[PDB]
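Okay, so here's the structure we're looking at.
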Amino acid sequence: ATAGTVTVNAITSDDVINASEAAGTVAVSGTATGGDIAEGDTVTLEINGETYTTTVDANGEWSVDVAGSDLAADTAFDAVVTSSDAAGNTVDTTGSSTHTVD
Ligand SMILES: [Ca+2]
Ligand SMILES: [Ca+2]
Ligand SMILES: [Ca+2]
Ligand SMILES: [Ca+2]
Ligand SMILES: [Ca+2]
């Protein structure tokens, strides 16, 4: 099983978490493609010690709802996609993100 490419979009438009964003939920999104990545593979994000999870869609994208306060307290995290091949062998593909907090 072969690793793909996981990327993480900007954390909101400007890649900054402001006080008003910190108050609620923030959709964190990105892409997962290439290698053996496929639809329904899990994407796992640890943000401020909290584990946030979603799955890959048919177009190689993902989106998860994160508490904005977790984002205000953690300025960097990896998104990790777990894939397998036809024989069952698994692989992890990691993408990284930073953002800033105002
Ligand atoms: Ca960023
Ligand atoms: Ca923002
Ligand atoms: Ca972190
Ligand atoms: Ca400031
Ligand atoms: Ca400011």
Side-chain angles (χ1 to χ4, degrees):
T2 307
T5 306
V6 173
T7 82
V8 186
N9 297 334
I11 311 302
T12 75
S13 330
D14 57 349
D15 209 40
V16 182
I17 287 291
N18 69 5
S20 346
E21 284 152 343
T25 295
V26 176
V28 176
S29 53
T31 66
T33 58
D36 278 307
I37 297 182
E39 179 179 5
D41 281 348
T42 60
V43 195
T44 298
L45 282 55
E46 281 196 72
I47 311 198
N48 200 25
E50 181 56 5
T51 297
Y52 290 95
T53 305
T54 179
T55 72
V56 179
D57 73 29
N59 192 43
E61 301 153 323
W62 50 268
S63 194
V64 65
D65 285 319
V66 171
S69 54
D70 277 331
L71 287 162
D74 200 351
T75 51
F77 63 84
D78 291 325
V80 197
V81 174
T82 303
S83 311
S84 69
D85 74 25
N89 306 297
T90 56
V91 64
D92 288 346
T93 309
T94 301
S96 258
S97 175
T98 47
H99 63 273
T100 57
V101 176
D102 189 4

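When a residue number appears, it is its place in the shown sequence, counting from 1.
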(request) Sequence neighbours left out, what pairs pass side-chain hydrogen bond (donor to acceptor under 3.5 Å, both in side chains) with at least one residue falling in residues 24-35? (result) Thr7-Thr31, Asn9-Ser29
(message) Set out, in order, the CA-CA distance, both residues' side-chain angles and the distance that settles side chain to side chain contact (heavy atoms under 4.5 Å, CB included) for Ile47 and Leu71, then state yes or no.
(response) CA-CA 7 Å; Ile47 311 198; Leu71 287 162; 4.0 Å; yes
(message) Nearest 0.5 angstrom please: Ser63 OG to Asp65 CG, how far?
(response) 7.0 Å
(request) Could you grab the distance from atom CD1 of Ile17 to atom CD of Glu21, nearest 0.5 Å is fine? (result) 5.0 Å
(request) Quick one: list whatever passes side-chain hydrogen bond (donor to acceptor under 3.5 Å, both in side chains) with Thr54, sequence neighbours left out. (result) none
(request) Give the minimum heavy-atom separation between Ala32 and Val56, together with the two atoms involved. (result) CB-CG2, 3.9 Å
(request) Please list all pairs passing the side-chain hydrogen bond (donor to acceptor under 3.5 Å, both in side chains) test where one or both residues lie in residues 71-80, with sequence neighbours left out. (result) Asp78-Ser96
(message) Suppose we screen for side-chain hydrogen bond (donor to acceptor under 3.5 Å, both in side chains). Which residues come up paired with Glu50, at least two apart in sequence or across chains?
(response) none
(message) Can you see whether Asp102 engages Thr100 through a side-chain donor-acceptor pair at a distance of less than 3.5 angstrom?
(response) no
(message) side chain to side chain contact (heavy atoms under 4.5 Å, CB included), that's the test. Do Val81 and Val91 meet it? Break it down for me.
(response) CA-CA 8 Å; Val81 174; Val91 64; over 6 Å; no
(request) For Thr51, check side chain to side chain contact (heavy atoms under 4.5 Å, CB included) against everything at least two apart and list the hits. (result) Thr44, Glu46, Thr53
(request) Just grab all the side-chain hydrogen bond (donor to acceptor under 3.5 Å, both in side chains) pairs involving residues 81-92, residues at least two apart or on different chains. (result) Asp41-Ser83, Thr82-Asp92, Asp85-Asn89
(request) Quick one: closest heavy-atom pair of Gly4 and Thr93, and the distance? (result) N-OG1, 3.1 Å
(message) Checking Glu39 now: which residues fulfil side chain to side chain contact (heavy atoms under 4.5 Å, CB included) with it, not counting sequence neighbours?
(response) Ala58
(request) Begin with the C-alpha distance, continue with both residues' side-chain angles, and end with the deciding distance and a verdict on side-chain hydrogen bond (donor to acceptor under 3.5 Å, both in side chains) for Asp70 and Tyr52. (result) CA-CA 11 Å; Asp70 277 331; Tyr52 290 95; 2.5 Å; yes
(message) Under the rule for side chain to side chain contact (heavy atoms under 4.5 Å, CB included), what residues qualify as partners of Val8, not counting sequence neighbours?
(response) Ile11, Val28, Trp62, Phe77, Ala79, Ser97
(request) Go through the structure and list residues passing side chain to side chain contact (heavy atoms under 4.5 Å, CB included) with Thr2, not counting sequence neighbours. (result) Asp36
(request) Indicate the atoms forming the closest heavy-atom contact of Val16 with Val101, along with that distance. (result) CG1-C, 4.4 Å
